[PDB]
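Raw contents of data.pdb, PDB, C-alpha atoms:
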ATOM      1  CA  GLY A   1       0.000   0.000   0.000  1.00  0.00           C
ATOM      2  CA  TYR A   2       1.782   3.128  -1.158  1.00  0.00           C
ATOM      3  CA  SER A   3       0.997   6.626  -2.365  1.00  0.00           C
ATOM      4  CA  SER A   4      -1.561   6.940  -5.099  1.00  0.00           C
ATOM      5  CA  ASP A   5       0.128  10.145  -6.122  1.00  0.00           C
ATOM      6  CA  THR A   6       2.087  10.272  -9.352  1.00  0.00           C
ATOM      7  CA  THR A   7       5.885  10.264  -9.113  1.00  0.00           C
ATOM      8  CA  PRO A   8       8.339  11.348 -11.853  1.00  0.00           C
ATOM      9  CA  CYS A   9      10.300   8.728 -13.729  1.00  0.00           C
ATOM     10  CA  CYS A  10      12.996   8.927 -16.437  1.00  0.00           C
ATOM     11  CA  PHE A  11      13.105   7.003 -19.736  1.00  0.00           C
ATOM     12  CA  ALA A  12      16.132   8.630 -21.379  1.00  0.00           C
ATOM     13  CA  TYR A  13      19.278  10.395 -20.154  1.00  0.00           C
ATOM     14  CA  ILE A  14      20.561  13.748 -21.435  1.00  0.00           C
ATOM     15  CA  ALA A  15      23.445  12.939 -23.797  1.00  0.00           C
ATOM     16  CA  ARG A  16      25.932  15.713 -23.031  1.00  0.00           C
ATOM     17  CA  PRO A  17      26.673  17.481 -19.762  1.00  0.00           C
ATOM     18  CA  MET A  18      24.548  20.572 -19.021  1.00  0.00           C
ATOM     19  CA  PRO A  19      26.559  23.687 -18.057  1.00  0.00           C
ATOM     20  CA  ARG A  20      27.329  23.262 -14.384  1.00  0.00           C
ATOM     21  CA  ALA A  21      26.387  26.894 -13.572  1.00  0.00           C
ATOM     22  CA  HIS A  22      22.844  26.335 -14.792  1.00  0.00           C
ATOM     23  CA  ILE A  23      22.123  23.577 -12.306  1.00  0.00           C
ATOM     24  CA  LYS A  24      21.004  24.394  -8.808  1.00  0.00           C
ATOM     25  CA  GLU A  25      19.552  21.174  -7.348  1.00  0.00           C
ATOM     26  CA  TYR A  26      19.231  17.481  -7.997  1.00  0.00           C
ATOM     27  CA  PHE A  27      17.241  14.526  -6.787  1.00  0.00           C
ATOM     28  CA  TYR A  28      17.061  10.801  -7.482  1.00  0.00           C
ATOM     29  CA  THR A  29      13.868   9.384  -8.922  1.00  0.00           C
ATOM     30  CA  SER A  30      11.788   6.889  -6.910  1.00  0.00           C
ATOM     31  CA  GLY A  31      13.081   3.309  -6.644  1.00  0.00           C
ATOM     32  CA  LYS A  32       9.713   2.261  -7.999  1.00  0.00           C
ATOM     33  CA  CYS A  33      10.694   3.575 -11.453  1.00  0.00           C
ATOM     34  CA  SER A  34      12.070   1.112 -14.021  1.00  0.00           C
ATOM     35  CA  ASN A  35      15.254   3.108 -14.408  1.00  0.00           C
ATOM     36  CA  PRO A  36      17.536   4.631 -11.773  1.00  0.00           C
ATOM     37  CA  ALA A  37      17.935   8.338 -12.549  1.00  0.00           C
ATOM     38  CA  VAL A  38      19.326  11.602 -11.385  1.00  0.00           C
ATOM     39  CA  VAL A  39      17.160  14.655 -12.079  1.00  0.00           C
ATOM     40  CA  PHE A  40      18.995  17.938 -12.369  1.00  0.00           C
ATOM     41  CA  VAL A  41      16.948  21.072 -11.687  1.00  0.00           C
ATOM     42  CA  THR A  42      18.066  24.045 -13.738  1.00  0.00           C
ATOM     43  CA  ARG A  43      17.995  27.679 -12.766  1.00  0.00           C
ATOM     44  CA  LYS A  44      15.072  28.120 -15.115  1.00  0.00           C
ATOM     45  CA  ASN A  45      13.503  25.352 -13.002  1.00  0.00           C
ATOM     46  CA  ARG A  46      13.432  22.687 -15.650  1.00  0.00           C
ATOM     47  CA  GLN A  47      14.004  19.068 -14.751  1.00  0.00           C
ATOM     48  CA  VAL A  48      16.481  16.937 -16.738  1.00  0.00           C
ATOM     49  CA  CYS A  49      17.052  13.187 -16.490  1.00  0.00           C
ATOM     50  CA  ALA A  50      20.660  12.035 -16.280  1.00  0.00           C
ATOM     51  CA  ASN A  51      22.525   8.722 -15.990  1.00  0.00           C
ATOM     52  CA  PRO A  52      23.703   8.243 -12.401  1.00  0.00           C
ATOM     53  CA  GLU A  53      26.611   6.115 -13.594  1.00  0.00           C
ATOM     54  CA  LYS A  54      28.097   8.795 -15.799  1.00  0.00           C
ATOM     55  CA  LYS A  55      31.254  10.472 -14.533  1.00  0.00           C
ATOM     56  CA  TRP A  56      30.107  14.054 -15.123  1.00  0.00           C
ATOM     57  CA  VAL A  57      26.832  13.251 -13.358  1.00  0.00           C
ATOM     58  CA  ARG A  58      28.617  11.944 -10.286  1.00  0.00           C
ATOM     59  CA  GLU A  59      30.860  15.023 -10.312  1.00  0.00           C
ATOM     60  CA  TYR A  60      27.949  17.437 -10.556  1.00  0.00           C
ATOM     61  CA  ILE A  61      26.245  15.714  -7.619  1.00  0.00           C
ATOM     62  CA  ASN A  62      29.379  15.929  -5.556  1.00  0.00           C
ATOM     63  CA  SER A  63      29.719  19.605  -6.490  1.00  0.00           C
ATOM     64  CA  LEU A  64      26.096  20.333  -5.655  1.00  0.00           C
ATOM     65  CA  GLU A  65      26.566  18.577  -2.324  1.00  0.00           C
ATOM     66  CA  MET A  66      29.650  20.711  -1.456  1.00  0.00           C
ATOM     67  CA  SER A  67      29.327  24.367  -0.371  1.00  0.00           C
TER      68      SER A  67
ATOM     69  CA  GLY B   1      14.558   6.871 -27.529  1.00  0.00           C
ATOM     70  CA  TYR B   2      12.493   9.350 -25.518  1.00  0.00           C
ATOM     71  CA  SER B   3      13.063  12.880 -24.294  1.00  0.00           C
ATOM     72  CA  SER B   4      15.128  13.356 -21.142  1.00  0.00           C
ATOM     73  CA  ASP B   5      12.156  15.076 -19.435  1.00  0.00           C
ATOM     74  CA  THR B   6      10.539  13.344 -16.456  1.00  0.00           C
ATOM     75  CA  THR B   7       7.197  11.625 -16.863  1.00  0.00           C
ATOM     76  CA  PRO B   8       4.596  11.037 -14.111  1.00  0.00           C
ATOM     77  CA  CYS B   9       4.042   7.304 -13.413  1.00  0.00           C
ATOM     78  CA  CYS B  10       1.630   5.557 -11.009  1.00  0.00           C
ATOM     79  CA  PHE B  11       2.420   2.749  -8.557  1.00  0.00           C
ATOM     80  CA  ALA B  12      -0.853   2.420  -6.648  1.00  0.00           C
ATOM     81  CA  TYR B  13      -4.498   3.271  -7.365  1.00  0.00           C
ATOM     82  CA  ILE B  14      -6.855   5.202  -5.112  1.00  0.00           C
ATOM     83  CA  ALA B  15      -9.233   2.589  -3.726  1.00  0.00           C
ATOM     84  CA  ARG B  16     -12.401   4.619  -3.328  1.00  0.00           C
ATOM     85  CA  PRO B  17     -13.845   7.187  -5.722  1.00  0.00           C
ATOM     86  CA  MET B  18     -12.949  10.778  -4.902  1.00  0.00           C
ATOM     87  CA  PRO B  19     -15.631  13.512  -4.978  1.00  0.00           C
ATOM     88  CA  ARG B  20     -16.470  14.278  -8.594  1.00  0.00           C
ATOM     89  CA  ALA B  21     -16.689  17.981  -7.824  1.00  0.00           C
ATOM     90  CA  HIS B  22     -12.991  18.198  -6.829  1.00  0.00           C
ATOM     91  CA  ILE B  23     -11.792  16.963 -10.215  1.00  0.00           C
ATOM     92  CA  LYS B  24     -10.554  19.461 -12.826  1.00  0.00           C
ATOM     93  CA  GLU B  25      -9.338  17.147 -15.525  1.00  0.00           C
ATOM     94  CA  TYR B  26      -7.801  13.756 -16.253  1.00  0.00           C
ATOM     95  CA  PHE B  27      -5.024  12.264 -18.379  1.00  0.00           C
ATOM     96  CA  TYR B  28      -3.660   8.752 -18.934  1.00  0.00           C
ATOM     97  CA  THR B  29      -0.085   8.078 -17.933  1.00  0.00           C
ATOM     98  CA  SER B  30       2.521   7.287 -20.540  1.00  0.00           C
ATOM     99  CA  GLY B  31       2.671   3.822 -21.993  1.00  0.00           C
ATOM    100  CA  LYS B  32       6.367   4.014 -20.925  1.00  0.00           C
ATOM    101  CA  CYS B  33       5.182   3.575 -17.381  1.00  0.00           C
ATOM    102  CA  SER B  34       4.937  -0.052 -16.156  1.00  0.00           C
ATOM    103  CA  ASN B  35       1.368   0.300 -14.806  1.00  0.00           C
ATOM    104  CA  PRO B  36      -1.456   1.688 -16.899  1.00  0.00           C
ATOM    105  CA  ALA B  37      -3.275   4.469 -15.134  1.00  0.00           C
ATOM    106  CA  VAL B  38      -5.616   7.422 -15.256  1.00  0.00           C
ATOM    107  CA  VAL B  39      -4.535  10.512 -13.332  1.00  0.00           C
ATOM    108  CA  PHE B  40      -7.266  12.716 -11.920  1.00  0.00           C
ATOM    109  CA  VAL B  41      -6.169  16.308 -11.333  1.00  0.00           C
ATOM    110  CA  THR B  42      -7.931  18.094  -8.490  1.00  0.00           C
ATOM    111  CA  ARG B  43      -8.731  21.763  -8.126  1.00  0.00           C
ATOM    112  CA  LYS B  44      -5.708  22.076  -5.819  1.00  0.00           C
ATOM    113  CA  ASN B  45      -3.652  20.381  -8.549  1.00  0.00           C
ATOM    114  CA  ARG B  46      -3.176  17.047  -6.778  1.00  0.00           C
ATOM    115  CA  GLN B  47      -2.467  14.194  -9.260  1.00  0.00           C
ATOM    116  CA  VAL B  48      -4.288  11.066  -8.105  1.00  0.00           C
ATOM    117  CA  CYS B  49      -3.703   7.740  -9.773  1.00  0.00           C
ATOM    118  CA  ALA B  50      -6.710   5.565 -10.611  1.00  0.00           C
ATOM    119  CA  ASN B  51      -7.403   2.189 -12.137  1.00  0.00           C
ATOM    120  CA  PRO B  52      -8.863   2.675 -15.639  1.00  0.00           C
ATOM    121  CA  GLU B  53     -10.521  -0.737 -15.418  1.00  0.00           C
ATOM    122  CA  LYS B  54     -12.647   0.320 -12.456  1.00  0.00           C
ATOM    123  CA  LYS B  55     -16.237   1.320 -13.116  1.00  0.00           C
ATOM    124  CA  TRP B  56     -16.274   4.603 -11.218  1.00  0.00           C
ATOM    125  CA  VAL B  57     -13.062   5.641 -13.021  1.00  0.00           C
ATOM    126  CA  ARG B  58     -14.549   5.152 -16.510  1.00  0.00           C
ATOM    127  CA  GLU B  59     -17.725   6.939 -15.460  1.00  0.00           C
ATOM    128  CA  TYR B  60     -15.646   9.942 -14.383  1.00  0.00           C
ATOM    129  CA  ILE B  61     -13.648  10.086 -17.651  1.00  0.00           C
ATOM    130  CA  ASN B  62     -16.874   9.903 -19.654  1.00  0.00           C
ATOM    131  CA  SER B  63     -18.197  12.791 -17.562  1.00  0.00           C
ATOM    132  CA  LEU B  64     -15.021  14.815 -18.167  1.00  0.00           C
ATOM    133  CA  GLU B  65     -15.214  13.938 -21.873  1.00  0.00           C
ATOM    134  CA  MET B  66     -18.851  14.381 -23.015  1.00  0.00           C
ATOM    135  CA  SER B  67     -19.677  17.455 -20.882  1.00  0.00           C
TER     136      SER B  67
END
Serialized structure, structure tokens:
Amino acid sequence: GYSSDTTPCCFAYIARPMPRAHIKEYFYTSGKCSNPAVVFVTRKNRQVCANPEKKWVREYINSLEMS
Amino acid sequence: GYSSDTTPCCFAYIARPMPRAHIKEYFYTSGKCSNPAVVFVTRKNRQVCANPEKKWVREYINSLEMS
């Protein structure tokens, strides 16, 4: 018995790294989704799916976590 | 291939019918999602997953479709 609310999932990963300065937040999609995904939130508040195994993705997360 | 945007998916259905007056509109979730679903959008913009096979759910869509 879980939420009956929708939850965002990803079905494709952005191919090339987004400019780091345009990203302000990230989150991981629900473990219920078929794919693991990182979602980068841009400064124009768009949400972009990214491959959590990619090097640049892991670096961006580390950078967003540091401050 | 798909876009790298997120997509709302459903993982549980609301058991009992919600009040018809609270519903603004509906949409079906993407066939990319593993569970088929209708999403009912309330006046406060809540997105509630529902089972399209269920009688009350198809009555509500018909009501939001014919007018």
Counting all atoms listed in the file, chain A residues within 10 Å of chain B, as a PyMOL selection string: chain A and resi 1-15+29+32-34+37+39+46-50
Cα RMSD of chain B after least-squares fit onto chain A, all atoms paired in order: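 For chain A versus chain B, the C-alpha RMSD is 0.6 Å.
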d(atom CA of residue B:51, atom CA of residue A:27) in Å: 28.1 Å
Atomic distance atom CA of residue A:44 - atom CA of residue A:66, expressed in Å with one decimal: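 Separating atom CA of residue A:44 from atom CA of residue A:66 is a distance of 21.3 Å.
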Pick from B:23, B:42, B:36, B:31, whichever lies nearest to residue B:61 using all atoms listed in the file: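 Of B:23, B:42, B:36, B:31, the one nearest residue B:61 is B:23, counting all atoms listed in the file.
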Listed atoms of stretch 9-24 of chain A, axis-aligned box, 6 Å per side: centre and edge lengths to one decimal in Å, as JSON?
{"center_x": 18.8, "center_y": 16.9, "center_z": -16.3, "size_x": 29.0, "size_y": 31.9, "size_z": 27.0}
Between atom CA of residue B:18 and atom CA of residue B:67, distance in Å (one decimal): 18.6 Å
The PyMOL selection byres ((chain B and resi 64) around 10) applied to the shown file, residues as a list in words: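 Output from the PyMOL selection byres ((chain B and resi 64) around 10), applied to this file: residues 20, 23, 24, 25, 26, 58, 59, 60, 61, 62, 63, 65, 66 and 67 of chain B.
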Please reconstruct the missing atoms of stretch 27-39 of chain B (target: N, CA, C and O atoms) and return them as an mmCIF file, in the coordinates of the input.
data_model
loop_
_atom_site.group_PDB
_atom_site.id
_atom_site.type_symbol
_atom_site.label_atom_id
_atom_site.label_comp_id
_atom_site.auth_asym_id
_atom_site.auth_seq_id
_atom_site.Cartn_x
_atom_site.Cartn_y
_atom_site.Cartn_z
ATOM 1 N N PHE B 27 -5.866 12.690 -17.253
ATOM 2 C CA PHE B 27 -5.024 12.264 -18.379
ATOM 3 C C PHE B 27 -4.560 10.834 -18.094
ATOM 4 O O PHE B 27 -4.567 10.378 -16.953
ATOM 5 N N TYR B 28 -4.156 10.120 -19.133
ATOM 6 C CA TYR B 28 -3.660 8.752 -18.934
ATOM 7 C C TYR B 28 -2.149 8.792 -18.849
ATOM 8 O O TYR B 28 -1.537 9.597 -19.557
ATOM 9 N N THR B 29 -1.536 7.964 -17.995
ATOM 10 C CA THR B 29 -0.085 8.078 -17.933
ATOM 11 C C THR B 29 0.524 7.406 -19.170
ATOM 12 O O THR B 29 -0.142 6.634 -19.862
ATOM 13 N N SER B 30 1.777 7.743 -19.388
ATOM 14 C CA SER B 30 2.521 7.287 -20.540
ATOM 15 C C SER B 30 2.534 5.777 -20.631
ATOM 16 O O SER B 30 2.715 5.048 -19.656
ATOM 17 N N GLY B 31 2.428 5.261 -21.870
ATOM 18 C CA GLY B 31 2.671 3.822 -21.993
ATOM 19 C C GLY B 31 4.102 3.437 -21.624
ATOM 20 O O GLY B 31 4.371 2.228 -21.507
ATOM 21 N N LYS B 32 5.028 4.366 -21.426
ATOM 22 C CA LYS B 32 6.367 4.014 -20.925
ATOM 23 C C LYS B 32 6.335 3.551 -19.482
ATOM 24 O O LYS B 32 7.206 2.782 -19.045
ATOM 25 N N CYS B 33 5.306 4.008 -18.762
ATOM 26 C CA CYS B 33 5.182 3.575 -17.381
ATOM 27 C C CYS B 33 4.804 2.095 -17.263
ATOM 28 O O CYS B 33 4.109 1.532 -18.104
ATOM 29 N N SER B 34 5.247 1.393 -16.218
ATOM 30 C CA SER B 34 4.937 -0.052 -16.156
ATOM 31 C C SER B 34 3.497 -0.389 -15.813
ATOM 32 O O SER B 34 2.988 -1.474 -16.139
ATOM 33 N N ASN B 35 2.766 0.489 -15.140
ATOM 34 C CA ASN B 35 1.368 0.300 -14.806
ATOM 35 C C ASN B 35 0.494 1.259 -15.604
ATOM 36 O O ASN B 35 0.741 2.473 -15.677
ATOM 37 N N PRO B 36 -0.557 0.748 -16.224
ATOM 38 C CA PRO B 36 -1.456 1.688 -16.899
ATOM 39 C C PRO B 36 -2.197 2.468 -15.829
ATOM 40 O O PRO B 36 -2.433 1.995 -14.721
ATOM 41 N N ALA B 37 -2.560 3.709 -16.141
ATOM 42 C CA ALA B 37 -3.275 4.469 -15.134
ATOM 43 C C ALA B 37 -3.955 5.701 -15.722
ATOM 44 O O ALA B 37 -3.485 6.236 -16.701
ATOM 45 N N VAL B 38 -5.023 6.120 -15.065
ATOM 46 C CA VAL B 38 -5.616 7.422 -15.256
ATOM 47 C C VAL B 38 -5.161 8.316 -14.110
ATOM 48 O O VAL B 38 -5.050 7.818 -12.982
ATOM 49 N N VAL B 39 -4.909 9.581 -14.401
ATOM 50 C CA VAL B 39 -4.535 10.512 -13.332
ATOM 51 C C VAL B 39 -5.645 11.555 -13.266
ATOM 52 O O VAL B 39 -5.926 12.169 -14.290
#
